[PDB]
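Below: the structure, in structure tokens.
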Amino acid sequence: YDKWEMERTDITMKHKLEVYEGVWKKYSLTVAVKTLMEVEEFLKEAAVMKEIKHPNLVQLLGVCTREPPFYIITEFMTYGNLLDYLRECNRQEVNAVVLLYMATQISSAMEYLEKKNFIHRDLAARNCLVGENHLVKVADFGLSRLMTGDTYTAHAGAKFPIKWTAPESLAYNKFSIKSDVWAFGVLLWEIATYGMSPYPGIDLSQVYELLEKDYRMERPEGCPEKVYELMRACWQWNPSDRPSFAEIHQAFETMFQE
Ligand SMILES: COc1ccc(O)cc1-c1c[nH]c2ncc(-c3cncc(C(=O)N(C)C)c3)cc12
Numbered sequence: 232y233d234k235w236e237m238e239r240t241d242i243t244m245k246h247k248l255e256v257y258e259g260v261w262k263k264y265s266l267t268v269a270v271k272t273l278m279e280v281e282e283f284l285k286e287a288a289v290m291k292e293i294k295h296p297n298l299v300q301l302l303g304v305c306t307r308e309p310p311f312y313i314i315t316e317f318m319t320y321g322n323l324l325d326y327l328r329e330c331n332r333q334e335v336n337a338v339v340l341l342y343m344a345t346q347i348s349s350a351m352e353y354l355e356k357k358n359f360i361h362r363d364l365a366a367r368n369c370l371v372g373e374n375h376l377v378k379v380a381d382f383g384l385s386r387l388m389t390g391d392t393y394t395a396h397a398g399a400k401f402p403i404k405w406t407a408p409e410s411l412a413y414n415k416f417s418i419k420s421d422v423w424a425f426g427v428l429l430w431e432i433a434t435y436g437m438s439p440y441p442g443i444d445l446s447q448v449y450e451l452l453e454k455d456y457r458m459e460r461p462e463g464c465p466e467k468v469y470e471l472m473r474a475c476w477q478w479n480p481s482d483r484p485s486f487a488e489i490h491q492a493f494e495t496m497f498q499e
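Printed below as a string of structure tokens:
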């Protein structure tokens, strides 16, 4: 854990994006810096990121956890968040096969988290980052430890991103890897629509009531049928009926390789 420990003066802040674009001076490397949510939570978040090693999860580079202010230093993704990237892109370049490639990368990251007993709890396009050549990485700053068979119960009075949130979470504050699968389905929809807002115009207070009566978003324009079938599978009411990320990733790698 001290192999990760850095001196605060090894980094220089360049631009404020509390997240900064910074420079790891020794390597002349552009990095992302997060500074200090309570202290212990921040330190645990750093501790968890030390255990994460995957090409499509944002890589930790070092921490400053001796004397305040505390730093978490990670790799820098050139193009920023996926949501704005999709909304502002050239769709002739970011075409159908690129969208499949992005979904494959994200599902690969989630398959890793699934295998390593982590949940994300805020899977969404706004929380994915884009590098050169349509490289996509999931932000892993809010990861929680959880055995995949088990359930996390959010604290009393927690506020959710309703339109990304699984029904069991909206009603009972319960989260699991299956609730991430639901969120992934919404992320797929975001990708397929190049960053449209989910359930357009639908009042937030009626989303749960709609879901329990089996309302789901319709197939986006131009979206392949098999991709929509995957979305719908992710949106099964019963969590145990939803596919695993291993199955989801396998499905996308097949599509992408064909
Ligand atoms: C300390 O790392 C983090 C902690 C919090 C957070 O939200 C993200 C990062 C993070 C890591 N690597 C990154 N690489 C690139 C960018 C980034 C660059 N430029 C623009 C945007 C952006 O979309 N907006 C400002 C809306 C994001 C962020 C990051």
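Taking PDB author numbering, I'd label the letters of the sequence shown as residues 232 to 248, 255 to 273, 278 to 499. Note that the Cβ used here is the ideal one computed from N, Cα and C, for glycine as well.
Rounded to the nearest angstrom, what separates residue i and residue j at their Cα positions?
i, j, result
"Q447", "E238", "50 Å"
"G398", "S438", "25 Å"
"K378", "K357", "17 Å"
"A395", "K415", "6 Å"
"residue 275", "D455", "For residue 275, nothing is modelled; it lies in the interval where the chain passes from 273 to 278 with no residues in between."
"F317", "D391", "33 Å"
"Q477", "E488", "15 Å"
"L445", "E308", "43 Å"
"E355", "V260", "33 Å"
"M244", "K263", "14 Å"
"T240", "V256", "17 Å"
"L376", "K400", "31 Å"
"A412", "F425", "19 Å"
So what's residue i in DSSP terms, helix, strand or just coil?
i, result
"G383", "coil"
"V335", "coil"
"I313", "strand"
"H375", "helix"
"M318", "coil"
"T406", "coil"
"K356", "helix"
"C464", "coil"
"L370", "strand"
Return the Cβ separation of residue i and residue j in integer angstroms, given the expectation that the two are a contact with Cβ distance under 8 Å.
i, j, result
"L370", "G321", "7 Å"
"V422", "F486", "7 Å"
"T267", "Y312", "Actually they are not in contact, since the Cβ atoms of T267 and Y312 sit about 15 Å apart, beyond 8 Å."
"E431", "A344", "Contact flag wrong, Cβ pair sits at about 10 Å."
"residue 251", "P484", "Note on the chain: numbering goes from 248 to 255 directly, and residue 251 within that interval has no coordinates."
"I443", "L451", "7 Å"
For the alpha helix (DSSP H) that residue i lies in, which residues bound it at each end?
i, result
"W261", "Here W261 belongs to no alpha helix (DSSP H); instead the beta strand (DSSP E) covers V256 to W261."
"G426", "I418 to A433"
"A288", "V280 to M290"
"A492", "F486 to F497"
"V268", "Run containing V268: none in the alpha helix (DSSP H); it sits in the beta strand (DSSP E), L266 to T272."
"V448", "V448 to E453"
"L323", "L323 to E329"
Could you check where the beta strand (DSSP E) with residue i kicks off and where it finishes?
i, result
"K245", "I242 to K247"
"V299", "Taken as a continuous stretch (DSSP letters only), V299 belongs to no beta strand (DSSP E), as it is neither H nor E."
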